[PDB]
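Line order of the protein sequences matches chains B and A.
Okay, so the first sequence: first residue is 1 according to PDB author numbering, each after it adds one.
Okay, so the second sequence: first residue is 1 according to PDB author numbering, each after it adds one.
Just so you know, even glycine gets a beta-carbon here, dropped at the ideal spot from N, CA and C.
Notes to accompany the following structure.
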Amino acid sequence: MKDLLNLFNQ
Amino acid sequence: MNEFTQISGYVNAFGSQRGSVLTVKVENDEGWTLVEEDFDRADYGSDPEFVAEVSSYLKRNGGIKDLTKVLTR
């Protein structure tokens, strides 16, 4: 949800 | 609206949690979308598992580099 690809690269 | 973006260092990999369930997309060197697999973070628990579980399957489809360059060992 709020994570998405943005969690990966962090 | 959950968009896909290259997984940090993975030259041709995508990962985005479509709501409460997880969606993975893998491209080829030529950028051709090969695989779209789905995972659920509810089984895992947290954010790291969300990314870390995706890499596990996706890498064999053409995902090769790193999502979190901090040497997870």
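>> By alpha-carbon positions, which one of A:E49, A:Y44, A:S16 ends up nearest to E37 of chain A?
In response: Along the second sequence, one-based indexing puts residue 37 of chain A at 37. Considering only A:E49, A:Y44, A:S16, the residue with the shortest C-alpha distance to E37 of chain A is A:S16.
> So what's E37 of chain A in DSSP terms, helix, strand or just coil?
Replying inline: Here the question's residue 37 of chain A lines up with position 37 in the second sequence. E37 of chain A: strand per DSSP, three-state reduction.
>> Cutting at 8 Å between CB atoms, please list the residues of its own chain near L34 of chain A, excluding the five before and the five after it.
In response: Your numbering for residue 34 of chain A matches position 34 in the second sequence. Excluding positions up to five away in sequence, the list reads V26, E27, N28, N61, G62.
>> Alpha carbons only, please: which of A:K59, A:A52, A:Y57 is nearest the one belonging to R73 of chain A?
In response: For the purposes of this step, residue 73 of chain A is taken as residue 73 along the second sequence, with counting starting at 1. Comparing C-alpha distances from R73 of chain A to each of A:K59, A:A52, A:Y57 shows the shortest one belongs to A:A52.
>> What ranges does the alpha helix (DSSP H) occupy inside the segment 29–73 of chain A, keeping only unbroken runs of at least 4 residues that lie completely in it?
In response: The qualifying runs are 41–44, 47–62.
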